[PDB]
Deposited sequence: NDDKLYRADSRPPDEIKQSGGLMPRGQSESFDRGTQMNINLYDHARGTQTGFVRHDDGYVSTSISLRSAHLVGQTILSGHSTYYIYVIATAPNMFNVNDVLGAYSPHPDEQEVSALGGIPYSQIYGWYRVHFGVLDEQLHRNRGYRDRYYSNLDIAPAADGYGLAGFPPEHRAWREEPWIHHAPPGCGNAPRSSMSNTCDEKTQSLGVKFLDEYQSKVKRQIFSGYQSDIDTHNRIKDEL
């Protein structure tokens, strides 16, 4: 659907275009990402957080990015790299009041609808639309369902969540049933990131090859 998420970020539009998108600070673990300490807005352990509304992300910047003259609130389209943190971590969600939606891998540049500017903690009335934004593609897409994230929860190997529903039925080998659990959570996330990035390259590089004219 055409839904949209929101993220305060110190990094300006030009650096984001240069990096290919909104990248995380490679460890991939959703639990560590979510409980990570927050001078810059949650982008640790292989993920980058966002918020459900434009007003809840503005507030997020106005605590974390207090002491920044200028930051940005990037408006992001929803795609199946996003995970609802409260849905995937259940009662063990460390900061449930934040209503997080974390992009495993980052938010590619095509996924970024645009960005508001913020000066001395005041929002810009209007949006800077992104020339690389893809409205049709990303509007036929949605957040990943919680079932895709339960196996990527990233709970410690002997956490009680791994012997509890829904997580037992998605639990990586070594997680409640050597670093087997830790290495598998990493690799299952590296695979999920690899297959999502495969799918976006399918979308964008196929368009770049809608060039071809066999007959000519």
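Residues 26 to 36, 50, 190 to 195, 235 to 240 of the deposited sequence have no C-alpha coordinates in the structure.
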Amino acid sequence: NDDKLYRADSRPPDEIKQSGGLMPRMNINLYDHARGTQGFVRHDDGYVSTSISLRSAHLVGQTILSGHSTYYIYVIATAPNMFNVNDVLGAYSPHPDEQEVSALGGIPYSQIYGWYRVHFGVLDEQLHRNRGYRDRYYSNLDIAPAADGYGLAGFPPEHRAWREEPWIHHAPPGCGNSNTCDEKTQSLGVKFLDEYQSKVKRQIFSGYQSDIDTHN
From here on, numbers count along this sequence of modelled residues.
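Just so we're on the same page, rigid core means the largest C-alpha set that superposes within 1.5 Å between forms.
The higher RMS C-alpha distance to the shown form in 5 other deposited structures of this protein, out of 117 to 125 and 82 to 90, belongs to 117 to 125, with every structure fitted on the core. Fitting each structure in 5 other deposited structures of this protein onto the rigid core and averaging C-alpha distances over structures and residues, 64 to 72 emerges as the more displaced of 181 to 189 and 64 to 72. When 157 to 165 is weighed against 65 to 73, 65 to 73 comes out higher, by mean CA B-factor as recorded in the entry.
Once the C-alpha B-factors are averaged per stretch, 117 to 125 and 96 to 104 rank with 117 to 125 first.
Comparing C-alpha B-factors across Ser187, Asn27, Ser49, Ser53 in the deposited entry, the largest value falls on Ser53.
Between the residues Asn140, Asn86, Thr78, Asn130, it is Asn130 that shows the highest Cα B-factor in the PDB record. The entry lists a Cα temperature factor for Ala171 that places it in the highest third of the chain's modelled residues. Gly39: CA B factor in the highest third of modelled residues in this chain (values from the PDB entry).
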